[PDB]
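The chain contents come next:
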Amino acid sequence: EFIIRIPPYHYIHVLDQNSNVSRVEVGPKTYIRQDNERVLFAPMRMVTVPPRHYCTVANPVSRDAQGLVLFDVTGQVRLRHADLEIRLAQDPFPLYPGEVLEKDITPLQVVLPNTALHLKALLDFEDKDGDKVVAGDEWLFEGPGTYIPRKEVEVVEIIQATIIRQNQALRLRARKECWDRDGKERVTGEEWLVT
Amino acid sequence: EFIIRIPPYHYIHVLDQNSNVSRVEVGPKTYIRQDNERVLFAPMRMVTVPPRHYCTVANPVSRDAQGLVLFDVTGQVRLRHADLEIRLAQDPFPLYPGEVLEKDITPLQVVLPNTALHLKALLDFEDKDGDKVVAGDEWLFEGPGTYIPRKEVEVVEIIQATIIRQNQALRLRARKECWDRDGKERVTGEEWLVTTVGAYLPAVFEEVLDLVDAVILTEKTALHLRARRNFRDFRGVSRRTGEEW
Amino acid sequence: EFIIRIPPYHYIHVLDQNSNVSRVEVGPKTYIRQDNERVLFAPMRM
């Protein structure tokens, strides 16, 4: 019980009963616990996400300007409560105490050509383009590429374009006061044609 | 029993029996009680509200100009009795003694576009705009955004705008002496028409009844109309009650 | 067991099992041991 050597690429959590502080230990090293300190469970593999994949862990690690994990005064790990983070392909990071693996290893979604993704901005943020994306905004992301996920952006549905052949037109009504692709204002419920 | 080490991000309440004063202790620390002091219950997690969420706790904490918790002379915590407070996303605050978690962690309501929220001012207050919002006032908050709640403002119902298409009009009567969007006084029960194409949002005091559609006049047809009261029609000629044309 | 308040003019010895080091504590004070640390016997007068 006292002697616990964790296999390579693994970790364990041992609680400091004299301080009520939990910690994680990594690396292919042999570990010996103290009398007060108690391990919580046996080693399980520290998780890695492959390329073109991602995973979400609740309560992300609070980090400094260099990505070094900030530690509390009492020896606890600085977390970000009630938040979700998107982790892309990298080295097999360990799972710190107080964190829940909400979603498993999931592949990056690939968008077929002539297809678009409908996304809604859950919370107000600032996209990399340079626009203040207020919450509730609707997003039309299209193309044959792949979409990297985000915590504050929620995918609504996958939508497919419509083929317009010769001597044909498409009828589409406005769900809200907006502008068409030709640059004309359209009231709610107004219908028009595209040729 | 004497030794109580609360886990990180937790608290407990221990009563000072020599003073009948309860207190809360936070932080990942080991705690030892005294003989007189008695803990009330075992540790339970100190609550945090995530982003785009909120929660309400009865009897909010009375705080100073810097947000520091004011304490009573006898060591009690200064509260605000019979009041409710709205807490938005922040660090996991602890629940002080004498406070009840009335409502759990609830998400911020998102208003769809072409939609409005009907709100009534429960108690007299002053909104951030700069107006004295007397109690009983009615609020029409619309837009595709999200509404942050308030203690003294109560949501009445969620209302949806009405689409007015081509060659159509909407009939809406006044629930109270008011003004229309065109700037005309309307008595209680008075009815009128609006001829603006698109989505039309009803007001708080304007009961929307039904849509009215125009009548197409071909060269082989004509419209027979009897006046209901004295008025002036579209051509600009006065009428009398009962007169037909 | 964890809580040990020695009477005035007394002492106890508690062993630091993480260091195999024993020590004596004096004075009319209340003492709380750690999980690793173990007291050897009950207080007797100094």
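As recorded in the PDB header, cryo-EM is the method behind this entry, and the stated resolution is 3.07 Å.

A.B. asks: Sorry if this is basic, but what is going on with the interface of chain A and chain C here?
C.D. replies: With five residues of chain A at the interface, the matching set in chain C holds five residues. Summing both sides of the interface, chain A and chain C together bury roughly 440 Å²; the carbon and sulfur share of this comes to 41%. The largest share of the area that chain A buries against chain C comes from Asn18(A), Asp35(A) and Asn36(A), three residues that together contribute 74% of it. Run the count over chain A and chain C and you get zero salt bridges. Counting every contact that joins chain A to chain C gives zero residue pairs in polar contact. Here the residues of the side of chain A that touches chain C sort into no nonpolar, four polar and one charged.

A.B. asks: What is the right way to look at the packing of aromatic side chains in this model?
C.D. replies: Given two aromatic rings, one states the distance between the centres and the angle between the planes to describe the pair. Residues and elements named next belong to chain B. All told, the structure shown has three aromatic pairs over all chains when counted by the stated rule. Between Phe-141 and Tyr-147, the ring centres sit 5.3 Å apart and the planes meet at 45°, which makes this aromatic pair tilted. Relative to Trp-245, the ring of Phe-231 has its centre 6.0 Å away and its plane inclined at 45°; by these criteria the two rings are tilted. One end of the pair, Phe-231, is in the segment after β23 (206-213); the other, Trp-245, is in the segment after β23, and 14 residues separate them in sequence. Stacked on the ring of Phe-2, the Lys or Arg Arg-33 has its end atom at 4.4 Å from the ring centre. Sitting above the plane of the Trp-245 ring, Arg-239 keeps its charged end 3.8 Å from the centroid.

A.B. asks: Please explain the pattern of salt bridges as it appears in this structure.
C.D. replies: It is possible for side chains bearing opposite charge to pair when their charged atoms get close. All names here are of chain B. Here the structure, examined in full by the defined rule, presents 21 salt bridges over all chains. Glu-85 is the salt-bridge partner of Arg-87, the closest N and O atoms lying 2.6 Å from each other. What makes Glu-85 partly exposed here is its relative accessible area of 31%. In this structure, the salt-bridge partner of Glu-244 is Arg-226, at a minimum N-O distance of 3.6 Å. Separated by 18 residues along the polypeptide, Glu-244 in the segment after β23 and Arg-226 in the segment after β23 bring together distant segments of the chain. The partly exposed category is assigned to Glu-244, whose relative accessible area is 42%. With a relative accessible area of 58%, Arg-226 lands in the exposed category. Overlapping salt bridges bring together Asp-233, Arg-235, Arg-239 and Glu-243 as one network.

Cut-offs used in this document
- Residues numbered from 1 in each chain as written, not as in the entry; some residues may be left out.
- Chains lettered and ligands numbered in written order.
- Part of a larger assembly, values for the part shown.
- Heavy atoms only, no water.
- Contact = heavy atoms within 4.5 Å.
- Buried area = accessible area lost by both parts, 1.4 Å probe.
- Salt bridge = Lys/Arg side-chain N within 4 Å of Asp/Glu carboxyl O.
- Polar contact = N/O pair within 3.5 Å; in protein donor to acceptor, adjacent residues only side chain to side chain.
- Nonpolar A, V, L, I, M, F, W, Y, C, P; charged D, E, K, R; others polar.
- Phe/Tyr/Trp six-rings, centres within 6.5 Å; stacked < 30°, edge-to-face > 60°.
- Helix = DSSP H or I, 4+ residues; strand = E, 2+ residues; numbered from the N terminus.
- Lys NZ or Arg CZ within 6 Å of the ring centre and 35° of its normal.
- Buried < 20%, exposed > 50% of the residue type's maximum accessible area, 1.4 Å probe, protein only.

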